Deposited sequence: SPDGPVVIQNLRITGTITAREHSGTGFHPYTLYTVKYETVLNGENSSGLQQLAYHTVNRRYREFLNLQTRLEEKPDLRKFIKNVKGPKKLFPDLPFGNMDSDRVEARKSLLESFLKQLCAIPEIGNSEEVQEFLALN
């Protein structure tokens, strides 16, 4: 079914959320990727915070029929150019690896995260 290609993080967006007592900036990672139809091609963009990457992993791990596929996938855990790069690469790598596994890539959890469905 879903053919995802060329996933990568191209940058960030800094947004503000309100906590009740005040407004807080936070960082969204801009993920871009393509889906192939058969010779159509769709361009997709989605912005997700670090916390949403974490939740995605947790939601997958919460499911036995899925947790089993990603046991060996290295994912997120709780100036400095090298940290930023390491984290970006880690987050991309995580997403590429999830999407190469058919049972995972086609899961509603990933579809929703990438805003495909």
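The deposited chain is incompletely modelled, with C-alpha atoms absent over 1 to 4, 43 to 49, 90 to 98.
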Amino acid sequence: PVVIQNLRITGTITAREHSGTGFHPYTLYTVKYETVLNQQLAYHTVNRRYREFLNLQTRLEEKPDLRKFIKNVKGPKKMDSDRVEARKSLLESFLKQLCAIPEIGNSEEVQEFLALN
From here on, numbers count along this sequence of modelled residues.
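Relative to its counterpart among 103 to 111 and 89 to 97, 103 to 111 has the higher mean temperature factor, C-alpha atoms as listed in the PDB entry. Comparing 57 to 65 with 25 to 33, the stretch with the higher mean C-alpha B-factor in the PDB entry is 57 to 65. Note on the listed residues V46, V84, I70, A42: the highest Cα temperature factor in the record is that of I70. Placement of the Cα temperature factor of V2 within the chain: highest third of the modelled residues, per the deposited record.
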